[PDB]
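Following PDB author numbering, the numbering of the sequence shown begins with 1 at its first residue and continues without gaps. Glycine included, each C-beta is placed from N, C-alpha and C at the ideal position. The next block holds one structure in the form of structure tokens; read it before the comments.
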Amino acid sequence: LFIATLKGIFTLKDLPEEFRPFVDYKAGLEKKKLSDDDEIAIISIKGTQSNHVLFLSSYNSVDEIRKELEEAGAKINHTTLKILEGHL
């Protein structure tokens, strides 16, 4: 009982976990991709009351992305833009 982290799996048009259509703007920022496959990982950490997003192209496979996403959500380094260049 100490660490404060919130991970969520936002996907398709039903991505607004319950009723949180935040990133929804990105899906409609200009008639972007909307083939019911809009998958985006959203993780909120102790960033002075804030969070970050992460576009995903394919997560269904194996641990190869399981651990890769876990770290991307709350790792030691991050904010490098390198790993993002490999995915995005």
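Assign residue i to one of three DSSP states: helix, strand, or coil.
| i | result |
| --- | --- |
| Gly-8 | strand |
Where do the ends of the alpha helix (DSSP H) carrying residue i lie?
| i | result |
| --- | --- |
| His-87 | 82-87 |
Taking 7 Å as the cut-off, does the CB of residue i come closer than this to any heavy atom belonging to the ligand FAD?
| i | result |
| --- | --- |
| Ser-57 | Questions concerning the ligand FAD fall outside what the structure shown contains, since it holds no ligand whatsoever. |
If residue i sits next to residue j, beta carbons under 8 Å apart, how far is it from one beta carbon to the other, in whole angstroms?
| i | j | result |
| --- | --- | --- |
| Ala-74 | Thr-5 | 5 Å |
| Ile-42 | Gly-8 | 5 Å |
| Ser-57 | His-78 | Not confirmed; about 19 Å, so no contact. |
**Message:** For a minimum of 3 consecutive residues, which ranges assigned as the beta strand (DSSP E) are wholly contained in the segment 23-76?
**Reply:** Runs of the beta strand (DSSP E) inside the segment 23-76: 40-44 and 52-55.
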